[PDB]
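J.: Take a look at my_file.pdb, PDB, C-alpha atoms and all ligand atoms:
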```
MODEL        1
ATOM      1  CA  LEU S   4      16.946 -15.338 -19.974
ATOM      2  CA  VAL S   5      15.124 -12.076 -20.772
ATOM      3  CA  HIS S   6      12.042 -10.595 -19.066
ATOM      4  CA  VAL S   7      10.712  -7.552 -20.931
ATOM      5  CA  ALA S   8       8.396  -5.197 -19.049
ATOM      6  CA  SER S   9       4.982  -4.983 -20.719
ATOM      7  CA  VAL S  10       2.565  -2.339 -19.475
ATOM      8  CA  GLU S  11      -0.863  -3.660 -18.491
ATOM      9  CA  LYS S  12      -2.977  -2.849 -21.498
ATOM     10  CA  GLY S  13      -4.019   0.798 -21.685
ATOM     11  CA  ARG S  14      -2.956   1.558 -18.091
ATOM     12  CA  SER S  15      -1.185   4.702 -16.932
ATOM     13  CA  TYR S  16      -0.133   6.535 -13.769
ATOM     14  CA  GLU S  17      -3.693   7.234 -12.611
ATOM     15  CA  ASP S  18      -4.582   3.521 -12.678
ATOM     16  CA  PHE S  19      -1.617   2.600 -10.491
ATOM     17  CA  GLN S  20      -2.269   5.501  -8.133
ATOM     18  CA  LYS S  21      -5.739   4.026  -7.614
ATOM     19  CA  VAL S  22      -4.172   0.691  -6.674
ATOM     20  CA  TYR S  23      -1.699   2.448  -4.329
ATOM     21  CA  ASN S  24      -4.597   4.294  -2.725
ATOM     22  CA  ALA S  25      -6.571   1.099  -2.169
ATOM     23  CA  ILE S  26      -3.591  -0.547  -0.518
ATOM     24  CA  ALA S  27      -2.943   2.560   1.559
ATOM     25  CA  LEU S  28      -6.568   2.877   2.709
ATOM     26  CA  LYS S  29      -6.595  -0.785   3.730
ATOM     27  CA  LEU S  30      -3.337  -0.281   5.620
ATOM     28  CA  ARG S  31      -5.054   2.487   7.562
ATOM     29  CA  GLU S  32      -8.183   0.360   8.148
ATOM     30  CA  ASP S  33      -6.635  -2.935   9.278
ATOM     31  CA  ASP S  34      -4.695  -1.284  12.098
ATOM     32  CA  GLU S  35      -4.961  -4.022  14.760
ATOM     33  CA  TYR S  36      -2.785  -6.610  12.987
ATOM     34  CA  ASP S  37       0.268  -7.913  14.888
ATOM     35  CA  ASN S  38      -0.353  -6.054  18.152
ATOM     36  CA  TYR S  39      -1.256  -2.803  16.373
ATOM     37  CA  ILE S  40       1.782  -2.735  14.102
ATOM     38  CA  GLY S  41      -0.465  -2.988  11.057
ATOM     39  CA  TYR S  42       0.410  -4.705   7.769
ATOM     40  CA  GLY S  43       3.027  -2.203   6.634
ATOM     41  CA  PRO S  44       6.137  -4.148   7.671
ATOM     42  CA  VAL S  45       4.916  -7.520   6.381
ATOM     43  CA  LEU S  46       4.165  -5.979   2.962
ATOM     44  CA  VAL S  47       7.719  -4.614   2.785
ATOM     45  CA  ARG S  48       9.064  -8.052   3.743
ATOM     46  CA  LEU S  49       6.852  -9.624   1.078
ATOM     47  CA  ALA S  50       8.190  -7.254  -1.612
ATOM     48  CA  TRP S  51      11.749  -8.123  -0.538
ATOM     49  CA  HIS S  52      11.176 -11.913  -0.541
ATOM     50  CA  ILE S  53       9.533 -12.002  -3.951
ATOM     51  CA  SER S  54      12.497 -10.002  -5.307
ATOM     52  CA  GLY S  55      15.250 -11.613  -3.288
ATOM     53  CA  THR S  56      15.036 -14.949  -5.099
ATOM     54  CA  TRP S  57      16.792 -13.323  -8.038
ATOM     55  CA  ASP S  58      20.058 -14.730  -9.347
ATOM     56  CA  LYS S  59      22.091 -12.338 -11.515
ATOM     57  CA  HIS S  60      23.882 -15.264 -13.150
ATOM     58  CA  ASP S  61      20.923 -16.706 -15.053
ATOM     59  CA  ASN S  62      18.100 -14.218 -14.356
ATOM     60  CA  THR S  63      16.040 -16.850 -12.559
ATOM     61  CA  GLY S  64      13.753 -15.699  -9.751
ATOM     62  CA  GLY S  65      13.059 -12.032  -9.116
ATOM     63  CA  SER S  66       9.833 -10.081  -8.946
ATOM     64  CA  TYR S  67       8.888 -10.196 -12.639
ATOM     65  CA  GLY S  68       7.011 -13.498 -12.778
ATOM     66  CA  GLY S  69       4.867 -13.174  -9.650
ATOM     67  CA  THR S  70       5.752 -16.741  -8.753
ATOM     68  CA  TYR S  71       5.110 -16.334  -5.002
ATOM     69  CA  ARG S  72       1.487 -17.152  -5.883
ATOM     70  CA  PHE S  73       2.536 -20.784  -6.492
ATOM     71  CA  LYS S  74       2.674 -23.430  -3.755
ATOM     72  CA  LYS S  75       6.409 -24.134  -3.949
ATOM     73  CA  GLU S  76       7.384 -20.529  -3.233
ATOM     74  CA  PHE S  77       4.369 -19.701  -1.022
ATOM     75  CA  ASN S  78       5.425 -22.626   1.218
ATOM     76  CA  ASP S  79       9.126 -21.788   1.344
ATOM     77  CA  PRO S  80      10.118 -21.996   5.049
ATOM     78  CA  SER S  81      11.898 -18.656   4.481
ATOM     79  CA  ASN S  82       8.517 -17.107   3.600
ATOM     80  CA  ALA S  83       6.710 -18.186   6.798
ATOM     81  CA  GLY S  84       4.378 -15.413   7.907
ATOM     82  CA  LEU S  85       4.144 -13.744   4.483
ATOM     83  CA  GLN S  86       0.826 -15.480   3.876
ATOM     84  CA  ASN S  87      -0.619 -12.604   5.924
ATOM     85  CA  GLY S  88       0.631 -10.098   3.356
ATOM     86  CA  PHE S  89      -0.723 -12.217   0.546
ATOM     87  CA  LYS S  90      -4.176 -12.350   2.164
ATOM     88  CA  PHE S  91      -4.084  -8.598   2.745
ATOM     89  CA  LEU S  92      -3.498  -8.046  -0.979
ATOM     90  CA  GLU S  93      -6.160 -10.531  -2.190
ATOM     91  CA  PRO S  94      -9.096  -8.078  -2.068
ATOM     92  CA  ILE S  95      -6.925  -5.438  -3.724
ATOM     93  CA  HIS S  96      -6.233  -7.886  -6.556
ATOM     94  CA  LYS S  97      -9.930  -8.689  -6.865
ATOM     95  CA  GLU S  98     -10.791  -5.021  -7.200
ATOM     96  CA  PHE S  99      -7.996  -4.555  -9.765
ATOM     97  CA  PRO S 100      -7.668  -7.909 -11.537
ATOM     98  CA  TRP S 101      -5.739  -6.307 -14.404
ATOM     99  CA  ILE S 102      -2.580  -5.756 -12.330
ATOM    100  CA  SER S 103       0.055  -8.488 -12.559
ATOM    101  CA  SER S 104       1.020 -10.380  -9.429
ATOM    102  CA  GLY S 105       4.581  -9.102  -9.495
ATOM    103  CA  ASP S 106       3.402  -5.545  -9.953
ATOM    104  CA  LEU S 107       0.964  -5.930  -7.050
ATOM    105  CA  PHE S 108       3.512  -7.485  -4.594
ATOM    106  CA  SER S 109       6.146  -4.896  -5.391
ATOM    107  CA  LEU S 110       3.675  -1.971  -5.323
ATOM    108  CA  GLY S 111       2.533  -3.220  -1.917
ATOM    109  CA  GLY S 112       6.083  -2.722  -0.631
ATOM    110  CA  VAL S 113       6.387   0.768  -2.114
ATOM    111  CA  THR S 114       3.004   1.788  -0.728
ATOM    112  CA  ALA S 115       3.869   0.477   2.712
ATOM    113  CA  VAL S 116       7.221   2.315   2.852
ATOM    114  CA  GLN S 117       5.655   5.594   1.771
ATOM    115  CA  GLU S 118       2.608   5.341   3.989
ATOM    116  CA  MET S 119       4.894   4.609   6.954
ATOM    117  CA  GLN S 120       6.528   8.033   6.255
ATOM    118  CA  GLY S 121       9.496   6.566   4.407
ATOM    119  CA  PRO S 122      11.122   7.961   1.291
ATOM    120  CA  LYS S 123       9.387   8.132  -2.035
ATOM    121  CA  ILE S 124      10.239   4.999  -4.024
ATOM    122  CA  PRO S 125       9.950   5.413  -7.802
ATOM    123  CA  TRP S 126       8.134   2.398  -9.188
ATOM    124  CA  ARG S 127       7.766   0.945 -12.674
ATOM    125  CA  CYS S 128       4.988  -1.242 -14.008
ATOM    126  CA  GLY S 129       5.070  -4.092 -16.451
ATOM    127  CA  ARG S 130       5.944  -7.290 -14.611
ATOM    128  CA  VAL S 131       4.168 -10.202 -16.334
ATOM    129  CA  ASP S 132       2.927 -13.374 -14.633
ATOM    130  CA  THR S 133       4.937 -16.430 -15.679
ATOM    131  CA  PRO S 134       4.019 -20.133 -15.413
ATOM    132  CA  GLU S 135       4.355 -22.371 -12.377
ATOM    133  CA  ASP S 136       7.442 -24.120 -13.788
ATOM    134  CA  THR S 137       9.321 -20.776 -13.588
ATOM    135  CA  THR S 138       9.032 -20.699  -9.792
ATOM    136  CA  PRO S 139      12.513 -20.713  -8.209
ATOM    137  CA  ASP S 140      13.351 -23.498  -5.757
ATOM    138  CA  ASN S 141      13.391 -22.769  -2.021
ATOM    139  CA  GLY S 142      16.649 -21.773  -0.318
ATOM    140  CA  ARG S 143      17.549 -18.588  -2.204
ATOM    141  CA  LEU S 144      16.699 -16.217   0.657
ATOM    142  CA  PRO S 145      19.303 -15.460   3.359
ATOM    143  CA  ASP S 146      19.883 -17.085   6.736
ATOM    144  CA  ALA S 147      19.861 -14.877   9.863
ATOM    145  CA  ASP S 148      22.357 -16.888  11.956
ATOM    146  CA  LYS S 149      25.399 -15.810   9.914
ATOM    147  CA  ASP S 150      28.202 -13.232   9.911
ATOM    148  CA  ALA S 151      29.178 -10.241   7.812
ATOM    149  CA  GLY S 152      31.104 -12.304   5.258
ATOM    150  CA  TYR S 153      28.032 -14.387   4.602
ATOM    151  CA  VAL S 154      25.864 -11.281   4.190
ATOM    152  CA  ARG S 155      28.335  -9.695   1.780
ATOM    153  CA  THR S 156      28.670 -12.822  -0.358
ATOM    154  CA  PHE S 157      24.932 -13.471  -0.308
ATOM    155  CA  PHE S 158      24.024 -10.047  -1.626
ATOM    156  CA  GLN S 159      26.575 -10.254  -4.476
ATOM    157  CA  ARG S 160      24.065 -12.659  -6.074
ATOM    158  CA  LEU S 161      21.507  -9.778  -6.093
ATOM    159  CA  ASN S 162      24.196  -7.394  -7.453
ATOM    160  CA  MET S 163      24.173  -5.332  -4.248
ATOM    161  CA  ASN S 164      27.318  -3.702  -2.822
ATOM    162  CA  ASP S 165      28.181  -2.724   0.759
ATOM    163  CA  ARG S 166      26.214   0.535   0.815
ATOM    164  CA  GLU S 167      23.209  -1.049  -0.853
ATOM    165  CA  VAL S 168      23.241  -3.896   1.692
ATOM    166  CA  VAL S 169      23.529  -1.629   4.695
ATOM    167  CA  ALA S 170      20.767   0.664   3.338
ATOM    168  CA  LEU S 171      18.376  -2.189   2.606
ATOM    169  CA  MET S 172      18.861  -3.661   6.099
ATOM    170  CA  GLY S 173      17.571  -0.390   7.509
ATOM    171  CA  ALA S 174      14.103  -1.832   6.746
ATOM    172  CA  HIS S 175      14.591  -3.739  10.002
ATOM    173  CA  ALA S 176      13.467  -0.513  11.663
ATOM    174  CA  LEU S 177      10.039  -1.891  10.727
ATOM    175  CA  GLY S 178       8.027  -4.580  12.431
ATOM    176  CA  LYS S 179       9.487  -7.524  14.300
ATOM    177  CA  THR S 180      10.457 -11.130  14.277
ATOM    178  CA  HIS S 181       8.052 -13.824  15.454
ATOM    179  CA  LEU S 182       9.464 -16.932  17.090
ATOM    180  CA  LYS S 183       6.993 -19.183  15.294
ATOM    181  CA  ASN S 184       7.937 -17.830  11.841
ATOM    182  CA  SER S 185      11.714 -17.557  11.988
ATOM    183  CA  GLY S 186      12.973 -18.848  15.331
ATOM    184  CA  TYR S 187      13.744 -15.314  16.562
ATOM    185  CA  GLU S 188      12.039 -13.634  19.517
ATOM    186  CA  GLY S 189      10.596 -10.264  18.664
ATOM    187  CA  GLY S 190      11.695  -7.122  20.439
ATOM    188  CA  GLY S 191      10.570  -3.496  20.444
ATOM    189  CA  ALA S 192       8.709  -2.755  17.237
ATOM    190  CA  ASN S 193       7.613   0.283  15.241
ATOM    191  CA  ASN S 194       5.608   0.992  12.095
ATOM    192  CA  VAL S 195       7.282   4.284  11.137
ATOM    193  CA  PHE S 196      10.132   4.299   8.642
ATOM    194  CA  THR S 197      13.170   6.038  10.103
ATOM    195  CA  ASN S 198      16.937   5.490  10.471
ATOM    196  CA  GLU S 199      16.413   4.161  13.999
ATOM    197  CA  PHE S 200      17.837   0.679  13.126
ATOM    198  CA  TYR S 201      21.282   2.264  12.845
ATOM    199  CA  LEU S 202      20.862   4.357  15.987
ATOM    200  CA  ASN S 203      19.807   1.219  17.882
ATOM    201  CA  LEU S 204      22.864  -0.689  16.639
ATOM    202  CA  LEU S 205      25.227   2.061  17.754
ATOM    203  CA  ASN S 206      23.621   3.202  21.006
ATOM    204  CA  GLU S 207      22.142   0.201  22.810
ATOM    205  CA  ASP S 208      23.992  -2.106  25.164
ATOM    206  CA  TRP S 209      23.717  -5.420  23.319
ATOM    207  CA  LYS S 210      23.872  -8.831  25.000
ATOM    208  CA  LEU S 211      24.201 -12.125  23.133
ATOM    209  CA  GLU S 212      21.401 -14.333  24.421
ATOM    210  CA  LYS S 213      19.700 -17.579  23.471
ATOM    211  CA  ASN S 214      15.971 -17.502  22.747
ATOM    212  CA  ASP S 215      13.343 -20.193  23.353
ATOM    213  CA  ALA S 216      14.009 -21.704  19.934
ATOM    214  CA  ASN S 217      17.627 -22.225  21.044
ATOM    215  CA  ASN S 218      18.872 -19.596  18.592
ATOM    216  CA  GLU S 219      21.274 -16.783  19.442
ATOM    217  CA  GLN S 220      20.205 -13.162  19.059
ATOM    218  CA  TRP S 221      21.386  -9.807  20.414
ATOM    219  CA  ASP S 222      19.049  -8.198  22.968
ATOM    220  CA  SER S 223      19.168  -4.920  24.903
ATOM    221  CA  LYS S 224      17.891  -4.144  28.375
ATOM    222  CA  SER S 225      15.752  -1.515  26.629
ATOM    223  CA  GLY S 226      13.884  -4.382  24.949
ATOM    224  CA  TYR S 227      15.312  -4.181  21.432
ATOM    225  CA  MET S 228      16.753  -7.039  19.393
ATOM    226  CA  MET S 229      19.094  -7.651  16.501
ATOM    227  CA  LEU S 230      19.555 -10.724  14.382
ATOM    228  CA  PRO S 231      23.155 -11.994  14.141
ATOM    229  CA  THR S 232      23.182 -10.719  10.547
ATOM    230  CA  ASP S 233      21.936  -7.299  11.779
ATOM    231  CA  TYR S 234      24.683  -7.128  14.395
ATOM    232  CA  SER S 235      27.261  -8.141  11.772
ATOM    233  CA  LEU S 236      26.890  -4.644  10.320
ATOM    234  CA  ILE S 237      28.761  -3.243  13.321
ATOM    235  CA  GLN S 238      31.255  -6.125  13.539
ATOM    236  CA  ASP S 239      32.624  -5.557  10.037
ATOM    237  CA  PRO S 240      34.580  -2.326   9.729
ATOM    238  CA  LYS S 241      33.306  -1.486   6.227
ATOM    239  CA  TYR S 242      29.690  -1.981   7.184
ATOM    240  CA  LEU S 243      30.240  -0.052  10.444
ATOM    241  CA  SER S 244      31.365   3.071   8.605
ATOM    242  CA  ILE S 245      28.132   3.023   6.635
ATOM    243  CA  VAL S 246      25.982   2.308   9.699
ATOM    244  CA  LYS S 247      27.493   5.429  11.309
ATOM    245  CA  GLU S 248      26.848   7.448   8.168
ATOM    246  CA  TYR S 249      23.150   6.558   8.099
ATOM    247  CA  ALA S 250      22.796   6.998  11.887
ATOM    248  CA  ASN S 251      24.013  10.559  11.384
ATOM    249  CA  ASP S 252      22.149  11.502   8.209
ATOM    250  CA  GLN S 253      18.455  10.658   7.898
ATOM    251  CA  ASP S 254      18.118  12.176   4.411
ATOM    252  CA  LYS S 255      21.104  10.259   3.039
ATOM    253  CA  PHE S 256      19.660   6.999   4.369
ATOM    254  CA  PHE S 257      16.297   7.784   2.773
ATOM    255  CA  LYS S 258      17.835   8.556  -0.588
ATOM    256  CA  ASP S 259      20.063   5.499  -0.580
ATOM    257  CA  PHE S 260      17.288   3.218   0.606
ATOM    258  CA  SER S 261      14.970   4.475  -2.131
ATOM    259  CA  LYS S 262      17.545   3.745  -4.850
ATOM    260  CA  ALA S 263      18.461   0.306  -3.470
ATOM    261  CA  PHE S 264      14.864  -0.749  -2.909
ATOM    262  CA  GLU S 265      13.766   0.259  -6.392
ATOM    263  CA  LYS S 266      16.762  -1.602  -7.761
ATOM    264  CA  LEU S 267      15.912  -4.722  -5.718
ATOM    265  CA  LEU S 268      12.339  -4.617  -7.036
ATOM    266  CA  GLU S 269      13.500  -4.150 -10.638
ATOM    267  CA  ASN S 270      16.327  -6.686 -10.756
ATOM    268  CA  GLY S 271      15.887  -9.052 -13.728
ATOM    269  CA  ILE S 272      13.584  -6.757 -15.702
ATOM    270  CA  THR S 273      14.408  -5.252 -19.082
ATOM    271  CA  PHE S 274      12.568  -1.967 -19.598
ATOM    272  CA  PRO S 275      12.028  -1.006 -23.288
ATOM    273  CA  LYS S 276      13.552   2.310 -24.323
ATOM    274  CA  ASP S 277      10.013   3.655 -24.819
ATOM    275  CA  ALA S 278       8.640   2.321 -21.507
ATOM    276  CA  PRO S 279       6.947   4.906 -19.256
ATOM    277  CA  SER S 280       9.153   6.774 -16.810
ATOM    278  CA  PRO S 281       9.020   5.525 -13.218
ATOM    279  CA  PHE S 282       5.956   6.610 -11.265
ATOM    280  CA  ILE S 283       6.183   8.510  -8.006
ATOM    281  CA  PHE S 284       2.924   8.004  -6.133
ATOM    282  CA  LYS S 285       1.387  10.549  -3.844
ATOM    283  CA  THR S 286       0.672   9.445  -0.311
ATOM    284  CA  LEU S 287      -2.846   9.521   1.086
ATOM    285  CA  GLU S 288      -1.714  12.468   3.233
ATOM    286  CA  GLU S 289      -0.484  14.383   0.174
ATOM    287  CA  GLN S 290      -3.849  13.780  -1.560
ATOM    288  CA  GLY S 291      -5.912  14.870   1.448
ATOM    289  CA  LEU S 292      -7.432  11.388   1.604
TER     290      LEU S 292
HETATM  291  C1  LIG S 301      20.666 -10.774   5.507
HETATM  292  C2  LIG S 301      19.481 -10.329   5.080
HETATM  293  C3  LIG S 301      18.200 -10.495   5.890
HETATM  294  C4  LIG S 301      17.887 -11.417   6.805
HETATM  295  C5  LIG S 301      18.693 -12.604   7.345
HETATM  296  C6  LIG S 301      16.569 -11.121   7.298
HETATM  297  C7  LIG S 301      15.912 -11.842   8.264
HETATM  298  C8  LIG S 301      14.668 -11.513   8.743
HETATM  299  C9  LIG S 301      13.942 -12.277   9.728
HETATM  300  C10 LIG S 301      14.476 -13.584  10.349
HETATM  301  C11 LIG S 301      12.780 -11.657   9.952
HETATM  302  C12 LIG S 301      11.653 -12.103  10.902
HETATM  303  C13 LIG S 301      10.478 -12.720  10.143
HETATM  304  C14 LIG S 301       9.466 -13.200  11.164
HETATM  305  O1  LIG S 301       9.841 -13.886  12.164
HETATM  306  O2  LIG S 301       8.271 -12.895  10.989
HETATM  307  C15 LIG S 301      12.748 -10.475   9.138
HETATM  308  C16 LIG S 301      11.716  -9.557   9.129
HETATM  309  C17 LIG S 301      11.652  -8.442   8.327
HETATM  310  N1  LIG S 301      12.501  -8.181   7.251
HETATM  311 FE1  LIG S 301      14.346  -9.010   7.034
HETATM  312  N2  LIG S 301      16.098  -9.994   6.641
HETATM  313  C18 LIG S 301      17.080  -9.577   5.773
HETATM  314  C19 LIG S 301      16.973  -8.501   4.907
HETATM  315  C20 LIG S 301      15.850  -7.702   4.755
HETATM  316  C21 LIG S 301      15.687  -6.717   3.699
HETATM  317  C22 LIG S 301      16.751  -6.459   2.599
HETATM  318  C23 LIG S 301      14.471  -6.146   3.850
HETATM  319  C24 LIG S 301      13.771  -5.044   3.038
HETATM  320  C25 LIG S 301      14.444  -4.076   2.423
HETATM  321  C26 LIG S 301      13.861  -6.725   5.020
HETATM  322  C27 LIG S 301      12.634  -6.405   5.554
HETATM  323  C28 LIG S 301      12.085  -6.989   6.680
HETATM  324  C29 LIG S 301      10.936  -6.511   7.427
HETATM  325  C30 LIG S 301      10.176  -5.213   7.061
HETATM  326  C31 LIG S 301      10.642  -7.394   8.403
HETATM  327  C32 LIG S 301       9.511  -7.291   9.468
HETATM  328  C33 LIG S 301       8.345  -8.188   9.041
HETATM  329  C34 LIG S 301       7.202  -8.209  10.033
HETATM  330  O3  LIG S 301       7.162  -7.346  10.925
HETATM  331  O4  LIG S 301       6.304  -9.092   9.925
HETATM  332  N3  LIG S 301      14.699  -7.705   5.521
HETATM  333  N4  LIG S 301      13.929 -10.409   8.420
HETATM  334  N1  LIG S 302      16.500  -6.039  14.377
HETATM  335  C1  LIG S 302      15.102  -5.979  14.452
HETATM  336  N2  LIG S 302      14.549  -5.429  15.383
HETATM  337  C2  LIG S 302      14.263  -6.567  13.370
HETATM  338  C3  LIG S 302      13.046  -6.032  13.037
HETATM  339  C4  LIG S 302      12.325  -6.642  12.062
HETATM  340  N3  LIG S 302      12.754  -7.669  11.421
HETATM  341  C5  LIG S 302      13.900  -8.166  11.707
HETATM  342  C6  LIG S 302      14.681  -7.656  12.675
ENDMDL
END
```
Output the file's structure in the form of structure tokens.

T.:
Amino acid sequence: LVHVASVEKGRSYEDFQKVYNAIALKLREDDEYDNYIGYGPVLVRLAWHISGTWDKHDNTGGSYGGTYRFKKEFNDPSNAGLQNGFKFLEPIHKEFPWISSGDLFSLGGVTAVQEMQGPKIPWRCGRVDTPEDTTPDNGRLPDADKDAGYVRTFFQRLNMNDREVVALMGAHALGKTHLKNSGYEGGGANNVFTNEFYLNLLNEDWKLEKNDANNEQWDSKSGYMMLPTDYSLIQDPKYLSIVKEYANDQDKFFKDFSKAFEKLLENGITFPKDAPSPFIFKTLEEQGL
């Protein structure tokens, strides 16, 4: 199954920078969402969920087709809460109806990471909306109540290795869980992209507790939390080495995250030899906007 990237007709870097800027200005404007976290973290989660349905074995799922817009995927229990990100992006899509759904959802993630002071994430256009019957079934996204072996095996389906996995999970520096979405009680939350997830793992005094949904999670007296799958990164000796690496080298984490996140967003997509090079968007701050 082959999905060839096809650039939205006549569009170039400047067009996509305008879309980035619109997303970024709305991120700045709608600052009260989720107890003043803003929509940054949920847009990153959205980009990950629309991409994380991919299966390397048959090239089903993935970001290309924009299939999150269809009821089956929209209503996946694993996607509970992402409706907020979708609604956030609706007026952006109305202003720029020429952008494909997959391009918009993925660009939303890139914009959010960068605007939250994360690394630059090169981004490529050309995802094309596919029909409703191409929507992957529910159940392709990972469970949080599992161990390191589960995480490792799960991510093999997305063609991600140990480093890639550990880097990607660093996104859990952003935002929080919500008991009503996922059955996990949210802890201390930030909207700035840093390597603090790894520092938290290594430095806090974690206690295994049960939350009000009767699920186990790791909580600190400082008020932080970790999912069981988060904590598995320090239970497994291979993951632990990498956690320590990123806790001790901000720049290395940023570079590795950028590569892994672009890869995640591009899984399943064949880029023609004469496709445009990846775009690196300027932040609002860099533009003086
Ligand atoms: C084993 C893999 C993963 C599991 C089990 C997992 C699980 C979860 C859960 C349960 C939540 C809470 C959702 C809610 O209650 O609203 C969450 C939130 C989040 N996830 Fe993950 N996740 C995983 C990997 C990732 C990856 C790879 C990324 C991106 C690179 C990511 C980005 C985020 C972000 C940014 C949030 C915060 C959303 C918000 O604040 O609304 N996650 N994750
Ligand atoms: N470990 C966390 N604090 C976390 C943050 C956001 N999403 C999931 C987990």

J.: Find the distance between CA of residue 83 in chain S and CA of residue 29 in chain S and write it in Å to one decimal.

T.: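 We find that CA of residue 83 in chain S and CA of residue 29 in chain S lie 22.1 Å from each other.
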
J.: Tell me which protein, DNA and RNA residues are within 9 Å of residue 284 in chain S, counting only C-alpha atoms, leaving out same-chain ones fewer than 5 positions away, and put them as a list in words.

T.: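 These residues fall inside the cut-off: residues 16, 19, 20, 23, 113, 114, 117, 123, 124, 125 and 126 of chain S.
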
J.: Using only C-alpha atoms, please write the residues we just selected to a file, as a PDB file, keeping the file's coordinate frame.

T.:
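What follows is the written file selection07.pdb:
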```pdb
ATOM      1  CA  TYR S  16      -0.133   6.535 -13.769  1.00  0.00           C
ATOM      2  CA  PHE S  19      -1.617   2.600 -10.491  1.00  0.00           C
ATOM      3  CA  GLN S  20      -2.269   5.501  -8.133  1.00  0.00           C
ATOM      4  CA  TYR S  23      -1.699   2.448  -4.329  1.00  0.00           C
ATOM      5  CA  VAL S 113       6.387   0.768  -2.114  1.00  0.00           C
ATOM      6  CA  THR S 114       3.004   1.788  -0.728  1.00  0.00           C
ATOM      7  CA  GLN S 117       5.655   5.594   1.771  1.00  0.00           C
ATOM      8  CA  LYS S 123       9.387   8.132  -2.035  1.00  0.00           C
ATOM      9  CA  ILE S 124      10.239   4.999  -4.024  1.00  0.00           C
ATOM     10  CA  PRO S 125       9.950   5.413  -7.802  1.00  0.00           C
ATOM     11  CA  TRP S 126       8.134   2.398  -9.188  1.00  0.00           C
TER      12      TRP S 126
END
```

J.: Take the PyMOL selection byres (((chain S and resi 112) around 6) and not hetatm), apply it to the structure above, and return the hits as a ChimeraX atom specification.

T.: /S:46-47,50,109-111,113-115

J.: The PyMOL selection byres (((chain S and resi 273-282) around 6) and not hetatm) on the file shown: which residues, as a PDB file with C-alpha atoms, in the frame of the given file?

T.:
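Heads up, here's the output in expr.pdb:
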```pdb
ATOM      1  CA  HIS S   6      12.042 -10.595 -19.066  1.00  0.00           C
ATOM      2  CA  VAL S   7      10.712  -7.552 -20.931  1.00  0.00           C
ATOM      3  CA  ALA S   8       8.396  -5.197 -19.049  1.00  0.00           C
ATOM      4  CA  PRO S 125       9.950   5.413  -7.802  1.00  0.00           C
ATOM      5  CA  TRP S 126       8.134   2.398  -9.188  1.00  0.00           C
ATOM      6  CA  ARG S 127       7.766   0.945 -12.674  1.00  0.00           C
ATOM      7  CA  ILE S 272      13.584  -6.757 -15.702  1.00  0.00           C
ATOM      8  CA  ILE S 283       6.183   8.510  -8.006  1.00  0.00           C
TER       9      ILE S 283
END
```

J.: At what distance in Å, to one decimal, does CA of residue 264 in chain S lie from CA of residue 63 in chain S?

T.: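 Distance reported for this atom pair: 18.8 Å.
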
J.: Care to translate the PyMOL selection byres (((not hetatm)) within 10 of (chain S and resi 302)) into actual residues of this file, as a ChimeraX atom specification?

T.: /S:44-45,48,147,172-181,185,187-193,199-201,203-204,220-222,226-234

J.: Which value, in Å to one decimal, gives the distance between CA of residue 154 in chain S and CA of residue 41 in chain S?

T.: 28.4 Å
